[PDB]
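There is one chain below, alone, in structure tokens, taken in the form deposited in one PDB entry.
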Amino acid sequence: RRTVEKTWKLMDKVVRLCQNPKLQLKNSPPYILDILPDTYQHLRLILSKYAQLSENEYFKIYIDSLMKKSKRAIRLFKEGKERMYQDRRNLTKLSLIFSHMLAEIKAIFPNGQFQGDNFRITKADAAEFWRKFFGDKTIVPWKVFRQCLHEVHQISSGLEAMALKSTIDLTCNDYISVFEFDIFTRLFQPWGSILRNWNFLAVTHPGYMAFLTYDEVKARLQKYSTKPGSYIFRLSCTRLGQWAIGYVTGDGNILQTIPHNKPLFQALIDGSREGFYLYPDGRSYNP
């Protein structure tokens, strides 16, 4: 708790810094003004229930992530000055990453207790991969993983690795827990063509907006009312491991679907067929 008294303390400076009126935070997911507070409430849940907690390696890496994370914001509010109303956009990249650190600690410690030992990963192939390789593990550094990842699904170049590090390392801490893992496995399934989809999808596809809000997505496709068929897809902070599809109707309107649990790969392949998905990001060509 010694360092976490130092962890919360840092987090309060930050919620202290954000609450500034000159910031006009339009708290639309994520709400840096809630995720952070909620993150504390849970640490109380977690610390309530628990030296066994002390040796938890993920807890250590995690709180390390949180604080390392906390001070950067402040430092940010420092460097930035007036700019505070690229240093800003950075702020958002963060409230985002905190949003995820939220979800993960929530997932590894449900109701307040450690259950990483038993995370049930959604896709099976996916699960045997990790079990086989990591088995008992809950968190794994980046290099290690990539290496194993590599024994099965070869990674074309140092460039692409990091780019993938980028897509799997949410919390941004150079480690990959079963969670950051379990989400990405569900995002880019099926397990066999793992890296194949990812590349075709979130790397060269004009239709991959990464994280976005339902208001922004609409916002963007308001520039295509004129052309129904135009669509784009995204991830969601409020529901990680999930893609939602936005597109414009022959009614001129803008609709939003979320596949239940059919991959994006097919969805788009099909929706494009009923002539639903035809001009990725209002762009002529569509793969």
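Rigid core (definition): largest C-alpha set, two forms, superposition within 1.5 Å. When you see a residue number, it is the position in the sequence shown, counting from 1.
Below: the form deposited with a partner chain bound, not depicted.
Among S54, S28, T226, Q41, the residue placing a heavy atom within 4.5 Å of its partner chain in the bound PDB entry is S28. This chain is drawn without its partner chain; in the bound PDB entry, the residue among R239, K68, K60, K49 with a heavy atom within 4.5 Å of it is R239.
Shown alone here, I35 lies farther than 4.5 Å from its partner chain in the bound PDB entry, counting heavy atoms only.
The shortest heavy atom separation between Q256 and its partner chain in the bound PDB entry is within 4.5 Å. Looking at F233, you'd find every heavy atom of it more than 4.5 angstroms from its partner chain in the bound PDB entry. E79 falls outside the set of residues with a heavy atom inside 4.5 Å of its partner chain in the bound PDB entry. Just one of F133, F200, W191, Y214 moves its Cα by 2 Å or more between the shown form and the other one on a rigid core overlay, and this residue is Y214. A267 shows a C-alpha shift of 2 Å or greater between the shown form and the other one [criterion: core-superposed Cα displacement of 2 Å]. Core-superposed comparison between the shown form and the other one: CA of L240 displaced by less than 2 Å. Relative to the superposed rigid core, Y62 undergoes a CA displacement smaller than 2 Å between the shown form and the other one.
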